[PDB]
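As they're listed, the protein sequences go chains l and f. Taken in order, the first sequence gives residues 9 to 148, 185 to 241, 278 to 595; the numbers are from PDB author numbering. Taken in order, the second sequence gives residues 9 to 148, 185 to 241, 278 to 595; the numbers are from PDB author numbering.
There are 2 protein chains.
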Amino acid sequence: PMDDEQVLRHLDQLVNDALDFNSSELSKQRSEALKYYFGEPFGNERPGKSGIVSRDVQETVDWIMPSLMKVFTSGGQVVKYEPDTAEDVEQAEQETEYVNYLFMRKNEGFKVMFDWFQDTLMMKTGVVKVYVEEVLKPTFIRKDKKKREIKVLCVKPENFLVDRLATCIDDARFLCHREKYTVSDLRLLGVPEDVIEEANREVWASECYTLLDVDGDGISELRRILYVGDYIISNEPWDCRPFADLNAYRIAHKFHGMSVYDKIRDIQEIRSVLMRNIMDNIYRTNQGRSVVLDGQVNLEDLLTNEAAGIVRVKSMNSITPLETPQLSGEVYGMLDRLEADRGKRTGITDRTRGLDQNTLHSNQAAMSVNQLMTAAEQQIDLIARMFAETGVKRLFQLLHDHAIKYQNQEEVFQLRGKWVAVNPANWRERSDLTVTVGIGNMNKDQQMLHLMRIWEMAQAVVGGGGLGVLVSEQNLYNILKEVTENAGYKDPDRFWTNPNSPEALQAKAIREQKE
Amino acid sequence: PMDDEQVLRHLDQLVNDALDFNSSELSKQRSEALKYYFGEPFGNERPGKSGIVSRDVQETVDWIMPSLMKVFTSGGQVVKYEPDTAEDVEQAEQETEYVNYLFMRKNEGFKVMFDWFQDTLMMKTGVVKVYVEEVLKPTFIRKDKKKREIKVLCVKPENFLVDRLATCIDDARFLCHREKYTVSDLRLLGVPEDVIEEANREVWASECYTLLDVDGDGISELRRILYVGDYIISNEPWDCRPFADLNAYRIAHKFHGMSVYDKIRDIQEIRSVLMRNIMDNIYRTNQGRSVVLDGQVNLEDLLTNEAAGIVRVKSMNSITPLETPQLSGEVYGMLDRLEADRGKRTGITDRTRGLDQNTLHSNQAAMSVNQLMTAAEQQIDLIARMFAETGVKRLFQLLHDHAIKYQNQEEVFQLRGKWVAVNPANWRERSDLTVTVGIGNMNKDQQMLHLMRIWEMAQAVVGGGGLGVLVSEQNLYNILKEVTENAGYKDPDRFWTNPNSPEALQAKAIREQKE
């Protein structure tokens, strides 16, 4: 009760414990993963012997990346909102388009997404941070004054201290983010002095989000602490934790899920060892192994690698050359099946290429149905599913961070017009169904089913029954509209609109009726 | 506060530190990469033995480059602007066409692109510089006076000193560009004397962009310093850093990403060593290995390579010819799989040729499902995506450097007419979606989807329902226009225009109606 200084030492103890445990365990694991990625020697390499390291996780990561980038960083259809039925286009489409228009094309593009995916595929966990800024440009043309802008950035997960007893983002009792916050930022804040650590002195700082009870009452809500160097700090009650902490594999109820390294390190080790064994055997066979006596053949055949062929001994005549057998094709088959198993584990794409020109393509129905059921239930779809379900958290965080107070800014969603974004609703609910393992039909198959099926259905309806009783121009416009949705030229490039529009009244009620 | 000379020594210390660190680390890495590219010996070659070096990164670079040039240096559709909806054609198309028309066909063409791509693929980072000039030709015909012309040039990244704590272009506190700026330029500037270093004395100079506080106040904005030789300098507050600093692989939060060498050096080493072993074994088998005594066979078989067949001994009769086994067929497969893995890493194009005449072609739907999902999610697409997302910064830099003040010059965008380029808006936003991993359908498949799908849809609508209620001639014009978009004959070579034009009124309201 009424704590002002013991909170500092308590936070210092928590930060020190987090540093020790996180550093030891996670730093060891991530250093191993990074060394494996860059083909660093494992330590078992022998002097005077080849240190061949077969990079195996590099290709796996570089082939996981394009699928996720194609499925996510293409359009603003990744997440919907699905509000109450009557009021949907008023805000849900507007808010979804706003958050898409500000996450993309407004916040470093998808570079944050690329770094986030590397963090979640490499350091076993990828987390970003959403913060706010203030634009006060005194350009009296574009006088964008009092612009409480919102930015999202990756946090370099080595500086993402958190207790182990969380197992979720909104379950930790303490989150620490280590930043620099150089002397310029401190001077802007207003502190008069410096700490132990030219105007810029590369000082270090930290930010703490934790729930405590400092008001002499029960446990209060989250508090934000600008604990820099045990000095002037900025304490303030907070509302929500701005982090997203992807894990990419969803292990059982522990916070940090495993990464690609944690399941392909054995494959990389086996491949590197077997490659080294093969090339060592080849080098030994070319060089040759022989036994020589002491006092004779002292020249050791001049390392036996001289391009002369003359050996010379002394006076003896025997020499014992031993034979090292050559490896057969079974080792070649071992390499082939090892690569096949490495692919089958996560990168189930075979050779990641389609330059088989002799091969043909044939379809029986439903487009070889769904390309053989999405290449037999690709794991990539599940990975994208959980990535979307965890980016729901960051999208909701951005929605709140704008709904509190952002600006009077507009959008370009197929038409001008968007009011101030400080009075939407949170809706406390999001949906990412249109991406992945759910209904979530991939655009190429969704458009196939839609276009083909619904088109013959509509043509049969029009020919047989009539557009009056059954599907009308209003609905046919829909079918064409989602056809263009799959085509990408939705509203302005091909209007086709005719819901009930002034030009449509003359088009329908005059020419189509009085003809 | 009020610093006029300590800034010189501070900048000198920063430049010296940057020289030391950048030189050591990056010069070592780039020298290794360059030696690997030109097939230089690795240092392990033996005297009297073949120094065969299998050039492996040359073909990889020569395969990466044409795809980049095809996808980028073809048309001005790489980057759009997407402004507020109502005012789009007024400036967005105009400014986009202007920046394309001045970058291409006006600034050395794409030779800057070629050098920039070499810099980003060889030295692990490619960066260009954007500056302004002043042409004052007194030709009184084409009296082009006050030509504040913007020029972009590659900077030979060995002269791109920058601190390591940036991890981004707009994050470094100090950028140094080393130039020559010969005595002619110094005399033009107005300095009276020379430095330690014929009128031309090949003097050395440097340019510094850094933020400091020299006005006795808080940390100010960026400053440009013409620090040449610790002499008369040109200090001036600046606004933006004109650099683009591609990295081509987007490693985690560090400035310099890896290069092709950094991930194919192991493959090149393995291939060179294994090929050298093969040819050494062949040469040894042809030459032969034999053990001879001392005092007899003094002629060492005349190097055993004489085309005579007569050996001669002395009196000894035995001779011990040892046998070096010939390499089996598994090494052939080892070379095959090594080449296959080298391709699968980055150069996934197999042999980069299509002379498989016995092969055929067949399509089931969606153009062989988008040519097997773009040849199974080509890495080239992701490389182009990041290249465009990084060149967005360069395009914005050009837009700013032109919107400040350039000239009253015009364009040839499908029609004459373009006003002064000093009063556009920056729009603070760019889009490169029409190129790459996003929606970004490559022209050949976008055209297929558009033309085919939309065309049977439109014919079905016209035959069944009628062009009145649904799509009319106005939107059918767009249907044809985006079809002709893919061929290059967009506006004037096939007009078809008929939006609402004086000829269109007679064409439609008279002949098509009163018939």
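Idealized CB from N, CA, C, for every residue including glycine.
The shortest CA-to-CA distance from residue 315 of chain l to any of l:323, l:292, l:281 and l:296 is the one to l:292.
For residue 228 of chain l, at least one C-beta of chain f is nearer than 8 Å to its own C-beta.
The alpha carbon of residue 348 of chain l has as its nearest neighbour, out of l:479, l:420 and l:283, the alpha carbon of l:420. Its Cα nearest to that of residue 526 of chain f, the residue f:567 stands out among f:543, f:555, f:190 and f:567. With contacts defined by Cβ atoms closer than 8 Å, residue 321 of chain f and residue 289 of chain f form a contacting pair. For residue 195 of chain l, the uninterrupted beta strand (DSSP E) segment begins and ends at 194 to 198. Residue pairing of residue 285 of chain f in beta bridges, as defined by DSSP: f:223. Interface with chain l (8 Å Cβ-Cβ cutoff): residue 579 of chain f is excluded. Approximately 6 Å separates the beta-carbon atoms of residue 463 of chain l and residue 328 of chain l; this is inside 8 Å, confirming the contact. Residue pairing by DSSP places residue 304 of chain l opposite l:289 and l:316 in a beta bridge. For residue 457 of chain l, no Cβ of chain f is located within less than 8 Å of the residue's own Cβ. Residue 545 of chain l does not reach chain f, its nearest Cβ partner there being about 13 Å away, counting only Cβ pairs nearer than 7 Å.
Collapsing the DSSP output to three states places residue 418 of chain l in a helix. Taking the beta carbon of residue 539 of chain l as reference, the chain f residues within 8 Å of it are 540 and 544, listed in sequence order.
Non-local C-beta neighbours of residue 407 of chain f in its own chain, meaning closer than 6 Å and more than five positions away in sequence, comprise 361, ordered along the chain.
Within the segment 64 to 81 of chain f, no residue places its CB atom closer than 8 Å to a CB of chain l. Judged by DSSP secondary structure, residue 189 of chain f falls outside any alpha helix (DSSP H); it is assigned neither H nor E. Per DSSP, reduced to three states, the secondary structure at residue 79 of chain l is helical.
Counted as a single uninterrupted DSSP element, the stretch harbouring residue 549 of chain f is not any alpha helix (DSSP H), since DSSP gives it neither H nor E. The alpha-carbon separation between residue 63 of chain f and residue 429 of chain f amounts to approximately 18 Å. Cβ contact annotation for residue 92 of chain l (same chain, cutoff 7 Å, sequence separation greater than five): none. When DSSP assignments are scanned along the segment 21 to 49 of chain l, the uninterrupted stretches of alpha helix (DSSP H) that are 4 or more residues long and fall wholly within it turn out to be 36 to 45.
Residue 563 of chain f carries a helical assignment under DSSP once its states are collapsed to helix, strand and coil.
Contact between the segment 109 to 117 of chain f and the segment 476 to 496 of chain f is present: three or more C-beta pairs spanning the two stretches fall below 8 Å. The Cβ atoms of residue 136 of chain l and residue 120 of chain l sit closer than 8 Å to each other. For residue 132 of chain l, there is no enclosing beta strand (DSSP E), as DSSP gives it neither H nor E.
Nearest to residue 326 of chain f by alpha-carbon distance, out of f:558, f:467, f:571 and f:71, is f:467. If you compare the alpha carbons of l:431, l:425, l:418 and l:414 with that of residue 422 of chain f, the shortest gap goes to l:431. For residue 473 of chain f, the enclosing alpha helix (DSSP H) starts and ends at 459 to 484.
The beta carbon of residue 102 of chain l lies closer than 8 Å to those of 491, 493, 498 and 504 in the same chain, with the five residues before and after it left out. Residue environment: residue 456 of chain l is assigned as exposed (fewer than 16 neighbouring CB atoms within 10 Å of its CB, all protein chains considered). Within chain l, the residues whose beta carbon sits less than 8 Å from that of residue 90 of chain f are 113 and 492, listed in sequence order. Any Cβ of chain f closer than 8 Å to the Cβ of residue 366 of chain l would place that residue at the interface, and such an atom is present.
When rounded, the separation of the alpha-carbon atoms in residue 376 of chain f and residue 393 of chain f is 5 Å.
Counting other Cβ atoms within 10 Å of its Cβ, residue 212 of chain f stays below 16 and is therefore classed as exposed. The three-state secondary structure of residue 569 of chain f, taken from DSSP, is coil.
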